[PDB]
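Trainee: Need a 3D model of the following:
(one chain, ligands or ions: 1)
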Amino acid sequence: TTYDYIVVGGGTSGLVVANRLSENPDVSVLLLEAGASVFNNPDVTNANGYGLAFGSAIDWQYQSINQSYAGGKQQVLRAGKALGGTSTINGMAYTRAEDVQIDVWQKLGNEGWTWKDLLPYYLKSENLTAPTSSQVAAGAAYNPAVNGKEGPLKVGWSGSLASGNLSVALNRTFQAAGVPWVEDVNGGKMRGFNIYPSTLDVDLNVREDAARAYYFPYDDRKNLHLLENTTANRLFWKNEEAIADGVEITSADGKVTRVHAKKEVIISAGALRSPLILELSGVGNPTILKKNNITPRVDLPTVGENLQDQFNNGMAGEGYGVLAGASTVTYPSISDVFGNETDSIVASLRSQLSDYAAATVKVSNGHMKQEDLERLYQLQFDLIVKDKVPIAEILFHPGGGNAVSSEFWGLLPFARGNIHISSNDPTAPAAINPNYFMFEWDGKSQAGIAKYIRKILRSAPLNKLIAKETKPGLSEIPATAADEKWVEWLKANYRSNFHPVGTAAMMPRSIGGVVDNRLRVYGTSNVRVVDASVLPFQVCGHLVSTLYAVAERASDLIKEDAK
Ligand SMILES: Cc1cc2c(cc1C)N(C[C@H](O)[C@H](O)[C@H](O)COP(=O)(O)OP(=O)(O)OC[C@H]1O[C@@H](n3cnc4c(N)ncnc43)[C@H](O)[C@@H]1O)c1[nH]c(=O)[nH]c(=O)c1N2
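Mentor: Residues are numbered from 1 along each chain as shown. Structure as follows:
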């Protein structure tokens, strides 16, 4: 029951760390995973199975508090309970981030974290299957210079991919609206329309989750150990800067035991669990810890703060006939969405930034300083307004038969919330509050994006295919309706976009960070967080690509520190 490294959470990020640290045959690694294999789970393996696993035994189905700035309801925040984590239940889209938005990580004080520092690790993680000519005819494309050829994560396009009326029409309609087709959204400039690749083993025609990528091909390594169906409760400490001695675990039979780490404990339980594990271990806000019958070990009160999530809405149209083709993504900038209204939207946002920052201070009861929040919000504002990073993701796909479905989300809302333990019982549900719709921009941008989608459906040449909008439809929201009617409908119908970051944010400790630029938790010698918790801001694209790259990079930092 002693190992060099214990990796808590056999998920998207954790499996990368366990894979890379176990490359040294003299280093022993223990993975702790609450779930089990999903190698044979048909809701997981099906390349066309997104959504099948929702609400099943492999979905944690975490519950938020009532969202008082939105519709007042509790929202589910889905997450994978499985070897492979959330990569087993996700939408399989493989898209990255805007170069300048990774560069901001260094601007905020994280030395060595820029697009060019992370780029080799995106490449290291990936093995892209080049598209066939029929896939190229459907619009599949890539830039060879920005895609890896030999990494564990297989990426590619469906063998079923075929050009069809809907995707040809969407491409032409966006181009006419001034949004160009881009060959690859993964080279650091994401704006455009694209037939995006997926985390797919194209030869096997199965979802390429993190366990199929980083675990099963390597599972006979004698130095790589898995304890599945096993829940990590908390870390325990050597008897000053805190030195983790190991992890306390509960097995399937309910027995509580200890496993010991000789070098480090890496916490990779996801953004909605890693901060809870810290809190249960005494690392966090001492007032919250003492209220919940925990003895504080490290006074780090921003654990669980700076939670940032996006929210997703859906729209739909009906064709005159059957619609087919590629699934598309569009990443429009603020001016693509707002056109002539852009300057007005920008001025309104500019005028509110300081007030947003003031309101966010209260969320943490002042454990983030107003001045630091204003600095962070100014960086996000500049990315939106000056660098013109995409403000939305819009997916369009055939919905079956004559249906076209769109799913979309604002990428850079300003609302921050938090997650905290609700007791010292490791099984108790956390208090999770993303504060969806807290700030005017967050809903106003969402409404702008929805109106833009309505306009695209009615624009040539796509309009020749589309009989009418069906969701919301013109009866529910007439085209003469004010913006507030859009915001009301979006509030009533959104879901979490399941993209939470920031709950153990990488920032300097003086401005409220939880981990340093080597992902080590402040106040500890040998504890790291390596998962979405550490991203200090949202990214424009889909999270796994960046989380794999971050975990690949962390693995090198861990190896260096061991030498
Ligand atoms: C429905 C849906 C749809 C999408 C997405 C998410 C969701 C929920 N995402 C987001 C992406 O899939 C997600 O952000 C990452 O998989 C999260 O990886 P992490 O390593 O942070 O946590 P992740 O959740 O993967 O891993 C945490 C692991 O820790 C385990 N665990 C938790 N608590 C534990 C404890 N106490 N003890 C032991 N084990 C514990 C969990 O069971 C899990 O295996 C996505 N991304 C993308 O790139 N493309 C997409 O198309 C989508 N779409």
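Trainee: Look up the closest residue to the residue of the stretch 301-450 of the chain at minimum distance from the ligand, ignoring the ones flanking it.
Mentor: Per Cβ to the nearest ligand atom, residue 426 is where the stretch 301-450 of the chain lies closest to the ligand, at 6.8 Å. In short, each C-beta sits where N, CA and C put it, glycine included. Excluding the flanking residues, the one nearest residue 426 by Cβ to Cβ, 6 or more residues apart in numbering is residue 233, at 4.1 Å.
Trainee: how about the residues of the stretch 251-400 of the chain near the ligand?
Mentor: 268, 269, 270, 271, 273 (Cβ under 6 Å from any ligand atom).
Trainee: Surely the fourth one is in a strand?
Mentor: Yep, that's residue 271 we're talking about. No: assignment of residue 271 by DSSP: H, G, I helix; E, B strand; the rest coil gives coil, placing it outside any strand.
Trainee: can you tell me which residues contact it?
Mentor: Applying Cβ atoms under 8 Å, 6 or more residues apart in numbering to residue 271 gives the contacts 307, 419, 500, 501, 502, 503, 504, 531, 532, 533.
Trainee: If we use 10 Å, what do you get?
Mentor: Residues in contact with residue 271 (Cβ atoms under 10 Å, 6 or more residues apart in numbering) are 77, 79, 86, 307-309, 419, 499-504, 529, 531-535, 543, 547.
Trainee: still on that earlier bit, so the residue of the stretch 301-450 of the chain closest to the ligand makes contact with residue 247?
Mentor: No: in this structure, residue 426 is not within contact of residue 247 by Cβ atoms under 10 Å, at 11.4 Å.
Trainee: so where's the longest strand in this structure?
Mentor: For the chain, the longest strand by residue count, based on DSSP state E, is strand 256-267.
Trainee: Please compute how far it lies from its chain's middle.
Mentor: 26 Å (Cα atoms, centre = their mean, to the nearest Å).
Trainee: likewise stretch 464-478?
Mentor: 31 Å.
Trainee: Keeping just the C-alphas, turn that stretch into CSV.
Mentor: Output of stretch 464-478 as CSV, limited to C-alpha atoms (Å, rounded to 0.1, in the frame of the first residue of the first chain):
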residue,chain,number,x,y,z
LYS,A,464,-33.8,27.5,-49.5
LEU,A,465,-33.5,24.3,-47.3
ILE,A,466,-35.3,25.5,-44.2
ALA,A,467,-39.1,25.7,-44.0
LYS,A,468,-39.2,27.4,-40.6
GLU,A,469,-37.5,27.7,-37.2
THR,A,470,-39.0,25.3,-34.7
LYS,A,471,-37.1,26.1,-31.4
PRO,A,472,-37.9,28.6,-30.0
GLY,A,473,-40.0,29.3,-33.2
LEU,A,474,-41.7,32.5,-34.1
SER,A,475,-44.9,31.9,-32.0
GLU,A,476,-42.8,31.6,-28.8
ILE,A,477,-40.4,34.5,-29.7
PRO,A,478,-41.7,36.7,-32.6
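Trainee: Can you mark which positions in that stretch are buried?
Mentor: The neighbour-count criterion (16 or more other Cβ atoms under 10 Å) identifies 465, 466, 469, 470, 471, 472, 477 as the buried residues of stretch 464-478.
Trainee: Against which helices or strands is the host helix or strand of residue 383 packed?
Mentor: Remark: residue 383 resides in helix 370-385, with elements defined by DSSP states H and E. Judged by 3 or more Cβ pairs under 10 Å, 6 or more residues apart in numbering; DSSP states H and E, the packing partners of helix 370-385 are helix 99-107, helix 334-338, helix 342-363, helix 440-457.
Trainee: how about the ones you listed, which one is nearest residue 120?
Mentor: Proximity to residue 120 (Cβ to Cβ) singles out helix 99-107 among the helices and strands packed on helix 370-385, at 12.6 Å.
Trainee: on that earlier part again, residue 426 and residue 247 - which one has more neighbours?
Mentor: residue 247 (27 against 17; other Cβ atoms under 10 Å).
Trainee: hey, what's that one bridged with?
Mentor: residue 235, residue 259 (DSSP bridges).
Trainee: just checking, it touches residue 281?
Mentor: Yes: if you go by Cβ under 10 Å, residue 247 and residue 281 touch, sitting 8.9 Å apart.
Trainee: overlap in contacts of the two?
Mentor: 232, 233, 234, 235, 236, 265, 267.
Trainee: Only whichever of those residues are buried, select them in PyMOL.
Mentor: Buried subset of the shared contacts of residue 247 and residue 281, written as a PyMOL selection, criterion 16+ other Cβ under 10 Å:
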select buried, resi 232+233+234+235+236+265+267
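Trainee: The ligand: which of the shared contacts of residue 247 and residue 281 is nearest?
Mentor: residue 232 (3.7 Å).
Trainee: pull the CA atoms of the strand or helix carrying the closest one into CSV?
Mentor: Residue 232 belongs to strand 231-237 when assigned by DSSP H and E. Listed next in CSV are the C-alpha coordinates belonging to strand 231-237 (Å, rounded to 0.1, in the frame of the first residue of the first chain):
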residue,chain,number,x,y,z
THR,A,231,-13.2,6.6,-3.5
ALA,A,232,-10.5,9.0,-2.2
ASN,A,233,-11.8,10.8,0.9
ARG,A,234,-9.0,13.2,1.8
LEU,A,235,-5.2,13.4,2.1
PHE,A,236,-3.4,12.8,5.4
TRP,A,237,-0.2,14.6,6.4
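Trainee: what angle separates that strand from strand 256-267?
Mentor: Interaxial angle, strand 231-237 versus strand 256-267 (axes from the mean of the first three to the mean of the last three Cα atoms, to 10 degrees): 80 degrees.
Trainee: pretty sure residue 28 contacts residue 1?
Mentor: No: counting by Cβ under 10 Å, residue 28 sits too far from residue 1 to count as a contact (11.1 Å).
Trainee: So the residue in the chain that the ligand sits nearest to versus residue 186, what's the distance?
Mentor: Taking Cβ to the nearest ligand atom, the ligand has its nearest neighbour within the chain at residue 11, 1.8 Å off. With distances taken as Cβ to Cβ, to the nearest Å, residue 11 is found 22 Å from residue 186.
Trainee: So for those two, which residue has more residues nearby?
Mentor: Relative neighbour count places residue 11 above the other of residue 11 and residue 186, with 34 against 25, counting by other Cβ under 10 Å.
Trainee: Contact partners for the more buried one?
Mentor: Here residue 11 is in contact with 31, 33-35, 79-88, 209-211, 268-270, 273, 531-532, 547, 551 (Cβ under 10 Å, 6+ apart).
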